[PDB]
């Protein structure tokens, strides 16, 4: 996250860190807890990965430097990548992770609410993106979970900044014309959440953008409402 600040405990209790351990352990992506055994993230987080035994999913953690060999983590039972996701193309950048065991809910570990199928922003005027990703292009993973407030941009205006790519109705964009505040490398798969009437909901999944926090280059997110039929079907069928 570029231009953000340090979060406090319990602000973002759905945020998870998706890490891998081969010989060394590293944070790769964010994700959102959406039910007791389900994390929602980006499909591109699985491109160029070994099989799932490598993953360690941390929840209820604010600071990655607080993680030790004894810190509990979740393991993966199932990965459900959208059937129509193709890496070169980048549409349908969405994936479900089923955990090996359900998590107990606490103030620091609980699920984000989901939108209804076929929902529109606006109504979303107060949106935030979180993660442990780089704080500048060519930066490094941050220790304390970062937060930043970013306005949604219309698909028409987002499209003008991305002549080579089609901005579809299944994407949502967010950013400042002057840049300076954005998701970045390592924020993939994490949440774009908006507070409406006191309650937070998951509006987007961090996906792509040109560099990080450049002027006139908004972040692009998978629009969760446009995949609600898929999320429900896949999680019901598995459960």
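Residue numbers count along the first chain shown, from 1. We call the rigid core the largest set of C-alpha positions that still match within 1.5 Å between the two forms.
- With every structure aligned by its rigid core, 114-122 is the stretch of 129-137 and 114-122 whose CA positions lie farther away in 4 other deposited structures of this protein.
- Larger root-mean-square CA separation from the shown form, computed after a rigid core fit of the structures in 4 other deposited structures of this protein, is seen for 80-88 when 80-88 is set against 145-153.
- As listed in the deposited structure, the average C-alpha B-factor of 31-39 and of 60-68 is greater for 60-68.
- In this entry, 154-162 has the higher mean Cα B-factor, the comparison being between 139-147 and 154-162.
- Highest CA B-factor among 202, 49, 174, 184, as stated in the entry: 49.
- In this entry, the residue among 116, 122, 106, 74 with the greatest C-alpha B factor is 122.
- In the PDB entry, residue 93 places in the lowest third of its chain by CA B-factor.
- Among the modelled residues of the chain, residue 81 sits in the middle third by CA temperature factor in this PDB entry.
- Among all modelled residues in this chain, the alpha-carbon of residue 99 has a temperature factor (C-alpha) in the middle third.
- The deposited CA B-factor of residue 196 belongs to the highest third of values across its chain.
- Per-chain ranking of the deposited C-alpha B factor places residue 21 in the middle third.
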